[PDB]
Amino acid sequence: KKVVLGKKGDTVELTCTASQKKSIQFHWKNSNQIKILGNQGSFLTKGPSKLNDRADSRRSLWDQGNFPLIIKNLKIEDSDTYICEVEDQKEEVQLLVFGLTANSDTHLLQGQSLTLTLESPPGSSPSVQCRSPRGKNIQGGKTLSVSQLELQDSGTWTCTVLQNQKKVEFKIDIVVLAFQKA
Amino acid sequence: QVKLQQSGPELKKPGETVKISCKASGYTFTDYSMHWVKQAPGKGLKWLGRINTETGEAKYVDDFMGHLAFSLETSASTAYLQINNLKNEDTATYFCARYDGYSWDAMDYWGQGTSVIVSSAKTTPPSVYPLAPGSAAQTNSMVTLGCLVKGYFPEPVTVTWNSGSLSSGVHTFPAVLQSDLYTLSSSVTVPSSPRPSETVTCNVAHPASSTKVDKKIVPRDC
Amino acid sequence: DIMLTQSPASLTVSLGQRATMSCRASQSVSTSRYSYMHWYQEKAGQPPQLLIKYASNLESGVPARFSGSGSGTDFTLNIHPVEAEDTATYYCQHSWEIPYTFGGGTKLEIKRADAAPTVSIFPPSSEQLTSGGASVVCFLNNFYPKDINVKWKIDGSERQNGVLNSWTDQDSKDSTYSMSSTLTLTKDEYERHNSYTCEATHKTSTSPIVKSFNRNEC
């Protein structure tokens, strides 16, 4: 149904709103019937979920019918279809967690090849496209490559990932040096 | 207190199909994933696959396509495991089990264990031979009697003495397969007083052929 | 891929002593708060049973002498003091990421003082002789260590063919082992000879324990 995107090692808020603006009974679980967290009595409980530590909600917003799921330090394999269950509601949200790295270590050289790689989760259709500090645009799949680097490229690169109609945007600093051999 | 109840043991020839069932009674079937585990003879455990009791979706790690097909019947809280192209490797003990997704229990409830036996050999009932001292010295005081259960198929065979009244000093040795036929033996050590004076009978059962034999041990000495 | 490697493969320990079994994971199966590891006990020909859940929590009923520990990639169980009923194979399982794989297992045996086998020999039954078969059975009961050798002698001559041997697993009460040796002949072969002998010899023993019967003696 609803589809949220998120960056690696980042934070995201999955929303789940039921009617009767009040602290009623609820819980979150993933696609594999594993309780992420829920309210037992009035107190927040955390389940056997792999996310046990990095998962939390927001208590004050419970009296407003809101029951948000909050996940910090997002890893990629956290990508999944999360299910919130309230009263007789089944509100589903698919989280997809992308990441972006420069597989060329760092400190590159005029003429060398640069490659940005998109760490995507299993079973995704990402369409990336970036923008150098000049204006030129490159686009591709998991692998976007710059054949041969310039000095004008030394700066901050912006990159747009598009999943479905939603999108996330990374920025990644790259430095380029010059060299000669006489 | 929940409990998982599986199907009885199975005997199938190579290349046949078998469908073992597992029924959960005690909790809400659709609120817990169900996992299957295989344990081949003399080997350790090995995880097989989990099936989502809500969606029907299952993920497994079987070699070759097909061969392993998990299914459901939510209408009767029962999960199934079907093995299509049987082999001598498939001969094993199969367990289903629940995994507590709600709380900090784990594989908290398991199944009885189904025993799939794949072989071309036909079902054969055993011969029950009593083992009595020929004419050896009475020795200390504890005379040793026995029972030889020869030439049956398939497993298992169980041996008791005096309908289980004689449990001490009893040694029932594991069966050994020789040319598509098993051979098993059992011994009992009792004092020289309770025999020949009292009754000593071995009860052997081979449920595959519905055999029941109660053999009384009587002395030889010509 | 998450491989669990148990060490040792087999463990021998005397009553009252400490048994230590390790389980190493190829990758971490824990998250600061908890560790997703489990221990099972599977005695001879029994189904496995959950002992420790989530690395350190004793299952209900399980005696206090059992304990589990560890985090990340390294995990340990302890059994102290070891008891007779602890003779079994013990496995380890992670619930980190499907597949929830198992370790290779570790077989625990108890070391007791050595014992001499209660030897007993049996001529073929009259029932079996009627059917044309003739099996001579010899039992070696309640000995230790398991290292034992059995020898058959038909009329003072060593016979190797047609002998099939089987042993029970370590007993849970007295911690001894046992052995069945069955010499199968045809009735014709059987009655062509007179003296039948079963000899038990250890590596850790000088005295051969012998049992015999004469066929003509009836």
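Protein chains in written order, with the working numbering: chain W, 218 to 399; chain H, 875 to 1096; chain Z, 20 to 237.
Don't be surprised by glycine CBs; every beta carbon is placed ideally from N, CA and C.
Under 7 angstroms by beta carbon: chain H residues contacting residue i
i      : result
Z/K72  : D979 and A980
Z/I117 : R924 and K933
Other residues of its chain near residue i: CB distance less than 8 angstroms, five sequence neighbours each side excluded
i       : result
W/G372  : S349, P350, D390 and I391
W/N354  : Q346, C347 and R348
H/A995  : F1027, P1028, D1054 and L1055
Z/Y119  : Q112 and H113
H/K886  : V892, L960, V990, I991 and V992
H/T1073 : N1036 and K1090
Cβ-based neighbour list, residue i, same chain, cut-off 6 angstroms, excluding 5 preceding and 5 following
i       : result
Z/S139  : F158
H/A1079 : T1032 and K1086
H/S881  : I894, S895 and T988
W/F284  : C233 and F243
Cutoff 7 angstroms; reference residue i; Cβ partners in own chain excluding five residues on either side
i     : result
Z/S26 : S41
Z/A44 : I21, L23, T92 and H113
Of the residues the options, the one placed nearest residue i, counting alpha carbons only
i       : options                             : result
W/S341  : W/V314, W/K225 and W/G226           : W/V314
W/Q356  : W/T228, W/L379 and W/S321           : W/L379
Z/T149  : Z/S224, Z/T220 and Z/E210           : Z/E210
H/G1025 : H/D937, H/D1054 and H/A898          : H/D1054
W/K289  : W/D270, W/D280 and W/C301           : W/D270
H/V1050 : Z/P136, Z/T125 and Z/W186           : Z/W186
W/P339  : W/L333, W/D370, W/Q369 and W/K292   : W/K292
W/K238  : W/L261, W/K252 and W/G282           : W/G282
Z/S49   : Z/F162, Z/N180, Z/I167 and Z/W115   : Z/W115
Z/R178  : Z/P143, Z/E218 and Z/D166           : Z/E218
W/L261  : W/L317, W/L268, W/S248 and W/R275   : W/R275
W/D280  : W/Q242, W/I300, W/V220 and W/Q311   : W/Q242
W/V303  : W/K388, W/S236 and W/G223           : W/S236
H/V1062 : Z/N160, Z/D133 and Z/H57            : Z/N160
H/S1060 : H/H1045, H/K1090, H/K897 and H/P888 : H/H1045
Z/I117  : H/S1066, H/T1075 and H/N926         : H/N926
Z/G175  : Z/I98, Z/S231, Z/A63 and Z/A83      : Z/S231
H/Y976  : H/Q875, H/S907 and H/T1075          : H/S907
7 angstroms Cβ cut-off: residues of chain W touching residue i
i     : result
Z/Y53 : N269
Local Cβ density within 10 Å of residue i, reported as buried at 16 or more and exposed below that
i      : result
H/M939 : exposed
W/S266 : buried
Z/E61  : buried
W/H324 : exposed
H/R924 : buried
Z/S199 : buried
H/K877 : exposed
W/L326 : exposed
W/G255 : buried
Z/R37  : exposed
W/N320 : exposed
W/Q365 : exposed
H/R972 : buried
W/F396 : exposed
Under 9 angstroms from the C-beta of residue i: neighbouring residues of chain W
i     : result
Z/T50 : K267, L268, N269, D270 and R271
Continuous beta strand (DSSP E) stretch holding residue i: start and end
i       : result
Z/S145  : Not the beta strand (DSSP E): Z/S145 falls in the alpha helix (DSSP H), residues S145 to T149.
Z/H113  : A107 to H113
W/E336  : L331 to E336
Z/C237  : Segment: none, Z/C237 is in no beta strand (DSSP E) and carries neither H nor E.
Z/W186  : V182 to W186
Z/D20   : It is not in any beta strand (DSSP E) - Z/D20 carries neither H nor E in the DSSP assignment.
H/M908  : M908 to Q913
H/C1096 : Counting along the chain, H/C1096 falls outside any beta strand (DSSP E), and DSSP gives it neither H nor E.
H/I894  : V892 to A898
W/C301  : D297 to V303
H/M1016 : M1016 to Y1026
H/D1088 : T1085 to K1090
H/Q956  : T952 to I957
H/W978  : First-last for H/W978: undefined, no H or E at that position.
Z/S33   : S29 to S33
W/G372  : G372 to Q380
Residue interval of the alpha helix (DSSP H) (run including residue i)
i      : result
W/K267 : Segment: none, W/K267 is in no alpha helix (DSSP H) and carries neither H nor E.
Z/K206 : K206 to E210
9 angstroms Cβ cut-off: residues of chain H touching residue i
i      : result
Z/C237 : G1008, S1009, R1094, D1095 and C1096
Interface partners of residue i on chain H, CB under 8 angstroms
i      : result
W/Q250 : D905, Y906, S907, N926, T927, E928 and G975
Z/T187 : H1045, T1046, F1047 and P1048
Z/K230 : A1010
Neighbour list for residue i in chain Z, Cβ cutoff strictly below 8 angstroms
i       : result
H/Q1052 : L183
H/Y1026 : Within 8 angstroms Cβ-Cβ: nothing; H/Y1026 doesn't reach chain Z, min ~14 angstroms.
Neighbouring residues, chain Z, relative to residue i (Cβ below 9 angstroms)
i      : result
H/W984 : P66, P67, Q68 and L69
H/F969 : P66 and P67
Q: Can you give me, in chain order, the residues of the region 933-956 of chain H that have a beta carbon less than 9 angstroms from any beta carbon in chain A?
A: No chain A appears in the structure shown, which is made up of the protein chains W, H and Z.
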